[PDB]
Every structure is written in C-alpha cells, then in structure tokens.
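A.B. asks: Pasting a structure below so you can have a look.
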Amino acid sequence: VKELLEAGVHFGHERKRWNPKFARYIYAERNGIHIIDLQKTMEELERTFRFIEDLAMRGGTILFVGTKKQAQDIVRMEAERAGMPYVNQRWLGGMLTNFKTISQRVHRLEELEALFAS
RNA sequence: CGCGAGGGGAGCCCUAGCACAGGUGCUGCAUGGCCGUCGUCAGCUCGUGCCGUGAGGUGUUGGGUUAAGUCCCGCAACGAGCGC
C-alpha cells in the first residue's frame with residue numbers, strides 16, 4: 001500500500017539548489033531534478049512514526065507547522081482533525097522560546113472572546 | 001487669709017542678666033522648588049525571547065499613510081509604559 005502511493009507522485013523535488021548533507025537521501029538526478037531514494041525514505045518513515053506512535057499512545061501533544069502556501073490549508077486540517085496544536089500563519093518569533101510571553105496574547109484573545117458577547 | 005490696713009500671687013508689661021535672635025553677607029557648579037530651551041518637535045525607553053566574546057543589536061530596519069513611534073501590512077520577535 002505504501003510504496004505505490006509515494007511512487008505515485010510524491011518524491012523527487014528541488015533541483016541543483018540542494019545541500020550536500022542530504023546526499024544520503026537521494027537516488028539520482030533525472031533531467032535535472034533530484035530523485036530522492038524512496039527505498040530509504042520508507043525506512044525513515046518507520047522510525048519516525050514509531051516515535052509518533054510511541055508518543056501518541058502516552059498522552060503527548062504535538063505541534064505542527066507549515067507557513068508555506070503550497071501546504072498551508074491542509075496543515076490547518078490535519079491539526080483540528082486531531083486536536084494537535086499547529087501554525088498556519090506567521091510563526092511568531094520566540095513562541096516555544098518565549099511561550100510564557102506569547103501566551104500573554106492567547107489570554108488576551110479570550111480577554112476579548114468574552115467581551116465579545118456581553 | 002483678711003473688719004481693715006496689708007500680705008502671698010497666676011497672666012501681661014518695664015528694668016537687669018543669662019540662653020539666643022537677626023544678616024537681600026558668599027556659594028544657583030553643594031541644593032529643593034519653580035521657570036526658560038531644543039519643541040508639541042516625534043521622539044525616549046522598558047519586560048521576556050533570540051543574535052553577538054562583548055560594547056550592543058532585534059523590538060523601534062522594510063512597504064503604504066499620516067500633523068504624529070497615526071494607523072496598516074510585513075518581520076525572531078511577542079507585548080508594554082511615558083509621549084501623540
């Protein structure tokens with residue numbers, strides 16, 4: 001089930017504007033674009049979900065983020081459809097790093113959300 | 001007190017003396033207060049996060065607008081205070 005899906009049309013991307021580090025994940029350069037090695041992809045997908053799963057079952061929250069248009073919307077979906085926080089707009093600076101202070105606004109949200117109906 | 005004369009006496013006053021007052025005498029570079037000026041000009045900063053060996057940055061650089069740090073949209077920043 002997996003392979004086919006991917007092999008479908010979900011691999012190989014940016015071309016000639018890469019990073020040599022990422023050279024471990026790549027099959028070849030067809031007509032220009034870098035054809036990522038899915039074979040290896042799979043292997044990694046595993047360990048990844050393993051982690052996700054080994055966490056999704058222990059009451060742990062995850063934070064998804066995607067501030068790019070060619071991927072905004074969807075991320076908005078998959079998040080609400082999982083109750084997992086997320087970021088679709090401008091990922092403010094110091095969120096995680098200055099949470100306590102960013103939160104201050106979240107509180108200001110309800111501060112109004114309440115004064116809304118009154 | 002006292003028949004009374006007169007005698008003691010608390011304020012206030014006059015003399016004497018003691019302790020002290022008073023000085024627009026100096027220092028506005030010892031000061032408080034208050035006033036004048038840049039100028040009512042659009043400005044000056046703070047809390048936390050982040051960058052930087054550090055002084056310090058970022059915020060408050062950029063795009064449009066305004067009498068305006070006025071408002072907006074952007075953004076490793078997220079907000080706030082004194083000014084407007």
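Residues are named by chain letter and number: chains run A, B, ... in the order of the structure tokens, numbers start at 1 in each chain, and ligands are numbered from 1 in the order shown.
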May I have the residues of chain A within 12 Å of chain B, counting only C-alpha atoms (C1' of nucleotides), written as a list in words?

C.D. replies: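 Matching residues, ligands excluded from the count: residues 90, 91, 92, 93, 94, 95, 96, 97, 98, 99, 100, 101, 102, 103, 104, 105, 106, 107 and 108 of chain A.
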
A.B. asks: What residues in chain A get the DSSP label helix (DSSP H, G or I)? Please answer as a ChimeraX atom specification.

C.D. replies: /A:2-9,20-24,38-56,69-80,96-116

A.B. asks: Using DSSP assignments from the backbone, pull out every residue in range 1-81 of chain A that falls under strand (DSSP E) and give it to me as a count of residues only.

C.D. replies: 8

A.B. asks: CA of residue 44 in chain A and CA of residue 85 in chain A, how far apart in Å?

C.D. replies: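 Calculated distance between CA of residue 85 in chain A and CA of residue 44 in chain A is 24.0 Å.
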
A.B. asks: Can you list, as a PDB file with N, CA and C atoms (P, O5', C5', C4', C3', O3' and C1' of nucleotides), in the first residue's frame, every protein, DNA or RNA residue that comes within 12 Å of residue 64 in chain B when you count only C-alpha atoms (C1' of nucleotides), leaving out same-chain residues fewer than 5 positions away?

C.D. replies:
ATOM      1  P     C B  71      -1.305  54.222  16.574  1.00  0.00           P
ATOM      2  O5'   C B  71      -1.942  53.578  15.263  1.00  0.00           O
ATOM      3  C5'   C B  71      -3.365  53.489  15.128  1.00  0.00           C
ATOM      4  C4'   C B  71      -3.741  53.096  13.721  1.00  0.00           C
ATOM      5  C3'   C B  71      -3.126  51.813  13.174  1.00  0.00           C
ATOM      6  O3'   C B  71      -3.828  50.649  13.591  1.00  0.00           O
ATOM      7  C1'   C B  71      -2.969  53.538  11.550  1.00  0.00           C
ATOM      8  P     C B  72      -3.087  49.222  13.564  1.00  0.00           P
ATOM      9  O5'   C B  72      -2.948  48.896  12.014  1.00  0.00           O
ATOM     10  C5'   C B  72      -4.113  48.862  11.177  1.00  0.00           C
ATOM     11  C4'   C B  72      -3.728  48.562   9.751  1.00  0.00           C
ATOM     12  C3'   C B  72      -2.850  47.343   9.583  1.00  0.00           C
ATOM     13  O3'   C B  72      -3.653  46.167   9.555  1.00  0.00           O
ATOM     14  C1'   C B  72      -1.977  49.156   8.313  1.00  0.00           C
ATOM     15  P     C B  73      -3.069  44.800  10.159  1.00  0.00           P
ATOM     16  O5'   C B  73      -2.108  44.271   9.004  1.00  0.00           O
ATOM     17  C5'   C B  73      -2.588  44.149   7.654  1.00  0.00           C
ATOM     18  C4'   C B  73      -1.434  44.087   6.675  1.00  0.00           C
ATOM     19  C3'   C B  73      -0.281  43.148   7.018  1.00  0.00           C
ATOM     20  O3'   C B  73      -0.567  41.801   6.672  1.00  0.00           O
ATOM     21  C1'   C B  73       0.572  45.218   6.247  1.00  0.00           C
ATOM     22  P     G B  74       0.354  40.620   7.254  1.00  0.00           P
ATOM     23  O5'   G B  74       1.665  40.706   6.351  1.00  0.00           O
ATOM     24  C5'   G B  74       2.898  40.120   6.792  1.00  0.00           C
ATOM     25  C4'   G B  74       4.072  40.836   6.178  1.00  0.00           C
ATOM     26  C3'   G B  74       5.393  40.473   6.820  1.00  0.00           C
ATOM     27  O3'   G B  74       5.920  39.310   6.191  1.00  0.00           O
ATOM     28  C1'   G B  74       5.186  42.831   6.683  1.00  0.00           C
TER      29        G B  74
END

A.B. asks: Which polymer residues have any atom within 8 Å of an atom of residue 76 in chain A, counting only C-alpha atoms (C1' of nucleotides), with same-chain residues fewer than 3 positions away left out, as number ranges by chain?

C.D. replies: A: 72-73, 79-80, 86-88

A.B. asks: Can you list, as a ChimeraX atom specification, every protein, DNA or RNA residue that comes within 12 Å of residue 28 in chain A when you count only C-alpha atoms (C1' of nucleotides), leaving out same-chain residues fewer than 5 positions away?

C.D. replies: /A:11-13,15-16,23,33-38

A.B. asks: Record the distance separating CA of residue 43 in chain A and CA of residue 4 in chain A, expressed in Å with one decimal.

C.D. replies: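 Atom-to-atom, CA of residue 43 in chain A to CA of residue 4 in chain A, that is 15.2 Å.
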
A.B. asks: What gap, in Å, lies between CA of residue 69 in chain A and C1' of residue 62 in chain B?

C.D. replies: 21.9 Å
